[PDB]
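[1] Please work out how this folds:
(2 chains)
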Amino acid sequence: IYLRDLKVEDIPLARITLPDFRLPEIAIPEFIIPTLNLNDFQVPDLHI
Amino acid sequence: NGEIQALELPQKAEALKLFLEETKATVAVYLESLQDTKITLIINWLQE
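    Residues are numbered from 1 along each chain as shown, chains lettered A, B, ... in the order given. There you are, the coordinates:
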């Protein structure tokens, strides 16, 4: 007499465990500015 | 980098991730035990 259709059976969480909510390791993005050299292009020939 | 490695930050992050995953697995098991994925298990609840 009771109804036979449910929606709990459609949910994977209610069927299988899901160890979600993971934490990435505490690291740091190391990015160094390049060494820009310009004395090789122009040479000051004027005495100051 | 030396200060990060001195405070075992990656190890603490890994331990927290593992503990969170364990808690999520336990919560999923508890929810599966509580929620009824079948009509009859609900009807049997009436018997209680």
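
[2] and residue B:26, what does it touch?
    Contact criterion C-beta atoms under 8 Å, 6 or more residues apart in numbering or on different chains gives no residues in contact with residue B:26. C-betas here are computed from N, CA, C, even on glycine.

[3] On the three-state scheme, it is what?
    helix (DSSP: H, G, I helix; E, B strand; the rest coil).

[4] cool, the one 5 residues further on as well?
    For residue B:31, the secondary structure call by three-state DSSP comes out as helix.

[5] SS state for the closest residue in space to it that isn't next to it in sequence?
    Spatially, and ignoring its direct neighbours in sequence, residue B:31 is nearest to residue A:14 (6.6 Å; C-beta to C-beta, 6 or more residues apart in numbering or on different chains). Under three-state DSSP, the three-state class of residue A:14 is coil.

[6] ok, residue A:14 to residue A:40 distance?
    With distances taken as C-beta to C-beta, to the nearest Å, residue A:14 is found 69 Å from residue A:40.

[7] Show me which of these two is the more surrounded one.
    The neighbour comparison of residue A:14 against residue A:40 (other C-beta atoms under 10 Å in any protein chain shown) goes to residue A:14, with 17 against 6.

[8] What are the phi and psi values at the more buried one?
    As for residue A:14, its main-chain torsions (degrees, to the nearest 10) stand at phi -70, psi -10.

[9] Kindly report the same for residue A:5.
    When quoted as degrees, to the nearest 10, the phi and psi of residue A:5 stand at phi -100, psi 130.

[10] distance of it from chain B?
    Going from residue A:5 to chain B by C-beta to the nearest C-beta, to the nearest Å gives 9 Å.

[11] do the same with residue A:46
    Counting by C-beta to the nearest C-beta, the gap between residue A:46 and chain B amounts to 45 Å.
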